[PDB]
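Visitor: here we go, the starting part of the complex in its complex frame:
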Amino acid sequence: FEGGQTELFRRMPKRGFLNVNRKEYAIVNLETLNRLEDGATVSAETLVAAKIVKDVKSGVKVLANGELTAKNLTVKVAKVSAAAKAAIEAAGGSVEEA
């Protein structure tokens, strides 16, 4: 209440419509790969059988941040960032996205 004047938010422009097809992947760090070794076929089964997050946005993603302790190649993904593809794919990984 601006004292009958319109408010701060009431002076705001209407900015940006919203994609109904907005969808993400419940992105995890590579620091949990530092937890689990190797967990061959790093996937959602390793993720939720690791019980990291259970209700997930369908896929999975790791950061380049987090460390390259894991050894396994066959990380089953929907989409990992290419910055992390530099890390693991330069660190004994193989891409299995979706």
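Guide: Alright, I've got the coordinates. Residues are numbered from 1 along each chain as shown, chains lettered A, B, ... in the order given.
Visitor: backbone phi and psi for residue A:2, please?
Guide: phi -90, psi 30 (degrees, to the nearest 10).
Visitor: torsion angles phi and psi at residue A:10?
Guide: Residue torsions, per degrees, to the nearest 10, at residue A:10 are phi -70, psi -20.
Visitor: leaving out sequence neighbours, find the closest residue to the residue sitting nearest the centre point of chain A.
Guide: Against the mean C-alpha coordinate of chain A, by CA atoms, centre = their mean, the closest residue is residue A:27 at 1.5 Å. With sequence-adjacent residues excluded and distances taken as CB to CB, 6 or more residues apart in numbering, residue A:27 is closest to residue A:61, at 4.1 Å. For the C-beta atoms, the positions are set from N, CA and C on the backbone; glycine is no exception.
Visitor: my guess is the one you found contacts residue A:81, does it?
Guide: Yes: in this structure, residue A:61 is within contact of residue A:81 by CB atoms under 8 Å, at 6.1 Å.
Visitor: okay, chain B goes in next:
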Amino acid sequence: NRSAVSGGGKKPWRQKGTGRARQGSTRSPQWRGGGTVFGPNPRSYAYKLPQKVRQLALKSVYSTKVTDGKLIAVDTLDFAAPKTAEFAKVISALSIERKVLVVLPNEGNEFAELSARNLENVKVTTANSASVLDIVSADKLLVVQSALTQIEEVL
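Guide: Following on from the chains above, chain B is added here:
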């Protein structure tokens, strides 16, 4: 509430010149027709703790009874009759005086258990009896020696 139980939703006079003040009614609470202000309510009062502090809580008074030793490991002693001269002299065969909890098995003993409610200090209990109002209440108790698979199995 005044609007819960009532007889009057109408102003009983009109004020101007006629003595008294601005005023609701006799049904307004300040008369003998008293409406409660905010008072009680039909409320519940329940809560249960998370598991690890519950089993932690059992394993607190549990430990106090461990080093206290007022729990005593007892065998079955499942008797023929339900009569309480039996358990009067088995319970009084060490006679822990003030009040005692009674650890059954989880197969449900029945003879001090369909009885001994007139034995004024006897508290029929199992592994399906566990609280703090269970044990801190009596502080002194007999055990059925199946207490590993009557205690450990979740604790």
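Visitor: before we move on, back to that, give the contact list for the residue nearest to the centre of chain A.
Guide: Contact analysis of residue A:27 by CB atoms under 8 Å, 6 or more residues apart in numbering or on different chains lists A:60-63.
Visitor: cool, and residue A:68?
Guide: Residues in contact with residue A:68 (CB under 8 Å, 6+ apart) are A:30, A:87-88, A:91-92.
Visitor: quick check on those: which are buried?
Guide: With neighbours counted by 16 or more other CB atoms under 10 Å in any protein chain shown, the contacts of residue A:68 contain buried members at A:30, A:87-88.
Visitor: show me the strands in chain B, by range?
Guide: Remark: strands assigned in chain B by DSSP state E are B:71-74, B:100-103, B:122-125, B:141-144.
Visitor: nope, chain A is what I meant
Guide: Assigned by DSSP E, chain A shows strands spanning A:74-76, A:94-96.
Visitor: then add chain C to what we have above:
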Amino acid sequence: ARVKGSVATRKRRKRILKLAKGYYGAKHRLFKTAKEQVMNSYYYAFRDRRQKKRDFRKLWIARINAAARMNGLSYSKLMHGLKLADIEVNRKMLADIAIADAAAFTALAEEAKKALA
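Guide: Once chain C is put in with the chains from before, the structure reads:
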């Protein structure tokens, strides 16, 4: 839980009225004029915990200038001779010598005479 504490409330009432007893007439036959009536009374009993100080000292200095004035002596030059005088700057026991002390009174007055002298 509609409880009262009624006798406790009247025990506050009884407590302050029994502690209020004594004053004029209607006051203990009522409640609230008595409430100040102890209260104002030890407001200025708190002042008279300073003012019977500052009036019994007026009795002190007044009677001692009465006897000093009986020796024809004024209080200001007497006390002035008391600061001129000895280790004694003793005041009000020196007021208390109004009983029967020509020796203590007039001789300590002579001590003041050899203090102005």
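Visitor: next, count neighbours for the closest residue to residue C:21 other than its chain neighbours.
Guide: Using CB to CB, 6 or more residues apart in numbering or on different chains and skipping the chain neighbours, the partner closest in space to residue C:21 is residue C:28 (5.6 Å). Residue C:28 has 16 neighbours, counted by other CB atoms under 10 Å in any protein chain shown.
Visitor: look up how far residue C:22 lies from residue C:28.
Guide: Residue C:28 sits 8 Å away from residue C:22, going by CB to CB, to the nearest Å.
Visitor: same check on residue B:100?
Guide: The value you get for residue B:100 to residue C:22, if CB to CB is used, is 63 Å.
Visitor: ok, those two, which is more surrounded?
Guide: residue B:100 (21 against 11).
Visitor: what about the closest residue to residue C:98 other than its chain neighbours, is that helix, strand or coil?
Guide: Leaving aside its sequence neighbours, residue C:98 sits nearest to residue C:63 (CB to CB, 6+ apart; 5.1 Å). Classification of residue C:63 using DSSP: H, G, I helix; E, B strand; the rest coil returns helix.
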